[PDB]
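In structure tokens, the next block holds one chain alone, the form deposited in one PDB entry.
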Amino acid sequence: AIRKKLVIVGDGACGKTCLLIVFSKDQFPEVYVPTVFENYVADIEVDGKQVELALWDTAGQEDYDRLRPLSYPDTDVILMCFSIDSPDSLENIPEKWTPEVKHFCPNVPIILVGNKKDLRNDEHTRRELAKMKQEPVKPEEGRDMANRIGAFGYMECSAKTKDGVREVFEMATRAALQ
């Protein structure tokens, strides 16, 4: 099996930690959801190819501009996350995260991932956002941002229901192999 490295980036409330936990855990966390993620090496078989995919989180490093880039050496694929319940997390993608990742990870494929897709049809979420003249991120807004930043592709998932989670990591493995 070939070894590849994945790093997830995005704003503090984007759901990156929860996404790594749900993908990596054997059973869904029904008793306690961890605060942090250390690392993990997933055994993935995608399109007949076996890969050892090392997973890393940048949670906690968002305010530390000299510590954060130490997570990037030899990254093979970037998952760039935003939360669908946070239109503001999507706005920081082209201004901050994209130039940073392109600088430290040249030529590395970026998959733009819209997290918490289950909140798009959540009445409490829609009520809260409507007070700030906002609404949950639309699928076309996610695709357009991904197209604009030169992302390898656009994907959505929900860590809460697990929908789309396996597909995200299988596609990230395919991107890392190209």
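Rigid core (definition): largest C-alpha set, two forms, superposition within 1.5 Å. Each residue number is its position in the shown sequence, starting from 1. Residues that one form lacks are left out of the comparison.
One more form of this protein should be noted, the form solved in complex with a small molecule, which is absent from this view; the next part is about it.
request  = Would you please decide whether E123 lies within 4.5 angstroms of the small molecule in the bound PDB entry, comparing each non-hydrogen atom pair?
outcome  = Answer no; every heavy atom of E123 is more than 4.5 Å from the small molecule in the bound PDB entry.
ask   = Do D43 and the small molecule come within 4.5 Å of each other in the bound PDB entry, heavy atoms counted?
value = Because a heavy atom of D43 falls inside 4.5 Å of the small molecule in the bound PDB entry, the answer is yes.
query = Given that the partner is absent here, does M155 sit within 4.5 Å of the small molecule in the bound PDB entry, heavy atoms only?
reply = Answer no; every heavy atom of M155 is more than 4.5 Å from the small molecule in the bound PDB entry.
key: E123 C-alpha moves between this form and the one not shown by 2 Å or more, core aligned   = Moves: no, less than 2 Å.
inquiry  = At a 2 Å cut-off on C-alpha positions, does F28 qualify as shifted between this form and the one not shown after fitting the rigid core?
reply    = Yes, because once the rigid core is superposed, the C-alpha of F28 moves 2 Å or more between this form and the one not shown.
message = Core-aligned, C-alpha shift of at least 2 Å, runs of at least 3 residues: can you list them between this form and the one not shown?
response = Only this run moves by 2 Å or more: 26-28.
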